[PDB]
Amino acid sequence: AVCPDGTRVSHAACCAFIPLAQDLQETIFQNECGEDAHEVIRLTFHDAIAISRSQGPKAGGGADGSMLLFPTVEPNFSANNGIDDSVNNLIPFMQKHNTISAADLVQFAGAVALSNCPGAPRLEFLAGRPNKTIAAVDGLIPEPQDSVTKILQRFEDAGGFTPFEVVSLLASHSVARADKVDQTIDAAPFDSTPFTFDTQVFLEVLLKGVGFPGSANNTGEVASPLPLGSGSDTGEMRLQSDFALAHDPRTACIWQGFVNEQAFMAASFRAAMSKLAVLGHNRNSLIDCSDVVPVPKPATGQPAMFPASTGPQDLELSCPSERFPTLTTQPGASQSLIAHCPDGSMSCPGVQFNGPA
């Protein structure tokens, strides 16, 4: 079909997603893999994973827009602390782009956001999820203090995910920061390149922790290998769950397998997201609108590298059967600050709408 703007696409039903992408980019992302992009990507996961095979449909409808349609319920669960900002940012689009379901909006926005992160895959995007659902129940969202057994169980119960798929999905922590885990600091990044969809998170979680970016006593957090911060350039934070996954026998080799393997990581993330984005639905009942997902920013193609102040002697390895790759180290004796802003600065306040969540 040919859309009003003259864009030729796969199906007429995909046309409305074009101005929605444009509005999202102009209004909240500005084509950056920044704060607002990060929060929406997190929302795609919190929306989708709230489903349970064993509990039945009454527990939650998966990728169903429930966070937007019931903004006062799930966003106030403690495991959803901080999700309100992303919900409040997407609700005005739901009201404006009113031929697109809340559920479709959430998944598509996540694909758009990810496209701004150099190295990310161009996600599959199927459309047609209904605009009516129920509020999910509490306890369906994995938490950083959770054990690996509990985490893997939750993912298997939600949609049959394998441990490979689970770790694949955690490539999103390559473009992720923490605002709620520590009450004193904000935007503590999970890797030294939170604006780049690279494999640094996999490497950096395997280094010996040497301090904390904030307090040493936060639930769900463990020591960080790069805790130095200054001004708004908060130090790296390490989640207990990421650390646990990197060292548990079930997932240690998969974790290490993404180190310095960009295309493998990206391809695996795309495959897992294909499954996550249609939880609560039969994919044979959704139309393919992948062609209206923006083309992602390409990676530079550079190998993963040890950040300054770290090196191979700092590795805590847990995969007996696979050789840890030979990597270079960025020159310098002391840790480099991790920039708060995509353009290297420390001042870049994102657009935030007030709302019901």
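Residue indices: 1-based, along the sequence shown.
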Margin query: Please compare 328-336 with 41-49 and say which has the higher mean C-alpha temperature factor in the record.
Written below: 328-336
Next item on the list: Between 118-126 and 213-221, point out the one with the higher average CA B-factor as the PDB entry records it.
Entry: 213-221
Checklist line | Selection by C-alpha B-factor (highest) of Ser101, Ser174, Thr133, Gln183 | finding: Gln183
Next item on the list: Sort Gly139, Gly159, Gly235, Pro75 by C-alpha B-factor from the entry and give me just the highest.
Entry: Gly159
Notebook entry, point to check: According to the PDB entry, is the CA B factor of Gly231 in the bottom, middle or top third of its chain, that is, lowest, middle or highest?
Noted result: highest
Notebook entry, point to check: Would the CA B-factor of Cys341 place it in the lowest, middle or highest third of its chain?
Noted result: highest
Margin query: By the recorded C-alpha temperature factor, relative to the other modelled residues in its chain, which third is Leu206 in?
Written below: lowest
Margin query: Going by the CA temperature factor in the PDB record, which third of the chain does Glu316 belong to: lowest, middle or highest?
Written below: middle
Item checked: Ranked C-alpha temperature factor of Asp85 among modelled chain residues, by third -> highest
